[PDB]
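*Asks:* based on what follows, work out the 3D shape:
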Amino acid sequence: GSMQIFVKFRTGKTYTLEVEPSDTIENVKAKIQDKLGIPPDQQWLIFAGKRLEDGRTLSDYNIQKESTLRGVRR
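*Replies:* Numbering: from 1, shown residues only. Here you go, the structure:
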(Lines give C-alpha, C1' and ligand atoms only; values in the text may rest on other atoms or scores of the structure.)
Protein backbone atom coordinates (compact mmCIF):
# COMPACT_ATOMS: atom_id res chain seq x y z
CA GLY A 1 0.00 0.00 0.00
CA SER A 2 1.03 3.64 -0.02
CA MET A 3 0.56 6.79 1.92
CA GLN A 4 1.62 10.39 1.83
CA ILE A 5 3.71 11.74 4.66
CA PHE A 6 5.76 14.85 5.20
CA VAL A 7 9.39 15.61 5.92
CA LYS A 8 10.35 19.00 7.61
CA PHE A 9 13.73 20.60 7.89
CA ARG A 10 15.21 23.34 9.98
CA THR A 11 14.41 25.75 7.30
CA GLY A 12 10.74 25.18 8.04
CA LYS A 13 10.43 23.78 4.48
CA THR A 14 8.07 20.83 4.53
CA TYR A 15 7.99 18.35 1.61
CA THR A 16 5.57 15.57 0.75
CA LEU A 17 7.01 12.11 0.62
CA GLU A 18 5.31 9.08 -0.85
CA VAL A 19 5.96 6.00 1.19
CA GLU A 20 4.63 2.55 2.08
CA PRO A 21 4.03 1.17 5.60
CA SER A 22 6.43 -1.65 4.92
CA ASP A 23 9.29 0.63 4.03
CA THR A 24 12.40 0.48 6.12
CA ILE A 25 13.93 3.72 7.40
CA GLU A 26 16.80 3.27 4.95
CA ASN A 27 14.28 3.09 2.11
CA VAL A 28 12.63 6.32 3.26
CA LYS A 29 16.10 8.00 3.17
CA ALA A 30 16.49 6.68 -0.36
CA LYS A 31 13.28 8.40 -1.33
CA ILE A 32 14.50 11.60 0.21
CA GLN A 33 17.67 11.28 -1.93
CA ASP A 34 15.52 10.93 -5.02
CA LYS A 35 13.41 13.94 -4.18
CA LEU A 36 15.83 16.31 -2.45
CA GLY A 37 19.29 15.08 -3.37
CA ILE A 38 20.38 14.28 0.12
CA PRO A 39 22.33 10.98 0.33
CA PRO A 40 21.15 8.51 3.01
CA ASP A 41 24.50 8.67 4.87
CA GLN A 42 23.86 12.37 5.37
CA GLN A 43 20.42 11.93 6.94
CA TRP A 44 18.79 11.34 10.20
CA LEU A 45 15.01 11.06 10.50
CA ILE A 46 13.25 11.92 13.70
CA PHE A 47 9.68 11.22 14.87
CA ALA A 48 8.06 11.47 18.31
CA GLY A 49 11.38 12.67 19.81
CA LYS A 50 13.13 9.57 18.56
CA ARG A 51 15.74 9.00 15.96
CA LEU A 52 14.26 6.31 13.75
CA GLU A 53 16.25 3.11 13.55
CA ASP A 54 17.48 2.14 10.08
CA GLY A 55 16.11 -1.42 10.00
CA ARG A 56 12.65 -0.71 11.53
CA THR A 57 9.60 -0.11 9.29
CA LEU A 58 7.31 2.88 9.19
CA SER A 59 4.58 0.50 10.40
CA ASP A 60 6.63 -0.22 13.54
CA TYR A 61 6.77 3.45 14.49
CA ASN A 62 3.09 3.89 13.91
CA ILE A 63 3.58 6.50 11.22
CA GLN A 64 0.19 7.52 9.71
CA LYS A 65 -0.76 9.32 6.57
CA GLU A 66 0.09 13.01 6.85
CA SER A 67 2.49 12.45 9.74
CA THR A 68 5.51 14.69 9.75
CA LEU A 69 9.10 13.40 9.96
CA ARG A 70 11.81 15.78 11.01
CA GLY A 71 14.90 15.63 8.90
CA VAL A 72 18.27 16.21 10.33
CA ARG A 73 21.43 16.76 8.33
CA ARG A 74 24.22 14.50 9.41
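*Asks:* now the nearest residue to residue 32 once chain neighbours are set aside: phi and psi?
*Replies:* In space, and not counting its chain neighbours, residue 32 is closest to residue 38: 5.7 Å by CB to CB, 6 or more residues apart in numbering. All C-beta spots, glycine's among them, are computed from the backbone N, C-alpha and C. Backbone torsions for residue 38, taken as degrees, to the nearest 10, come to phi -100, psi 120.
*Asks:* cool, the one 5 residues further on as well?
*Replies:* Dihedral pair for residue 43: phi -130, psi 140, per degrees, to the nearest 10.
*Asks:* now do the helices in this structure.
*Replies:* For the chain, applying DSSP state H gives helices covering 25-36.
*Asks:* please enumerate the strands of it.
*Replies:* Along the chain, counting by DSSP state E, strands occupy 3-8, 14-19, 43-47, 50-51, 68-73.
*Asks:* which parts of the first one are buried?
*Replies:* In this case it means strand 3-8. For strand 3-8, the neighbour count (16 or more other CB atoms under 10 Å) marks 3, 5, 7 as buried.
*Asks:* between those, which sits nearest residue 42?
*Replies:* residue 7 (13.7 Å; CB to CB).
*Asks:* surely the closest one touches residue 32?
*Replies:* Yes: counting by CB atoms under 8 Å, residue 32 is a contact partner of residue 7 at 6.3 Å.
*Asks:* find the residues that touch each one of those two.
*Replies:* Here residue 7 and residue 32 have 17, 71 as joint contacts, going by CB atoms under 8 Å, 6 or more residues apart in numbering.
*Asks:* dump the residue contacts of residue 20.
*Replies:* 1, 2, 3, 58.
*Asks:* my guess is the second one contacts residue 17. True?
*Replies:* To tie it back to what came earlier, the one meant is residue 2. No: in this structure residue 2 lies outside contact range of residue 17 using CB under 8 Å: 10.8 Å.
*Asks:* so which of these two has more stuff around it?
*Replies:* Per other CB atoms under 10 Å, whichever of residue 2 and residue 17 has more neighbours is residue 17, with 19 against 9.
*Asks:* residue 8 bridge partners, please.
*Replies:* residue 14, residue 70 (DSSP bridges).
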